[PDB]
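Going by the deposited numbering, the first residue of the sequence shown is number 1, and it counts up by one from there.
Read the structure below first, then the notes.
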Amino acid sequence: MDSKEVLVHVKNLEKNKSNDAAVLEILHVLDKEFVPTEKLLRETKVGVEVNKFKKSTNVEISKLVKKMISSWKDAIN
């Protein structure tokens, strides 16, 4: 995972950050098993939208993006 691509995504996340720390620390650690790979990168596109966790995509999305991790690699496999 490219922290550069992820932290940038956090920038977007920041704008949406209804929750500062959870997503902040969640996304940071997320970098380990994060969605930015060759194929997964596009998934990072959607992973970002989850990173956005807008209105209907409530902070709960944070854990959702985690679930997204499970399927994230599932797509790469």
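In this text, a Cβ means the ideal position worked out from N, Cα and C, and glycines have one as well.
Under the 8 Å Cβ criterion, the stretch 32–50 does not count as touching the stretch 14–21, having fewer than three qualifying pairs. Sixteen is the threshold: since fewer than 16 other Cβ atoms of the shown chains lie within 10 Å of the Cβ of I76, the residue is exposed. About 7 Å separates the beta carbons of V35 and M68, which is inside the 8 Å limit, making them a contact pair. By the Cβ neighbour-count rule, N58 is exposed, with fewer than 16 other Cβ atoms within 10 Å of its own. For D20, there is no enclosing alpha helix (DSSP H), since its DSSP letter is neither H nor E.
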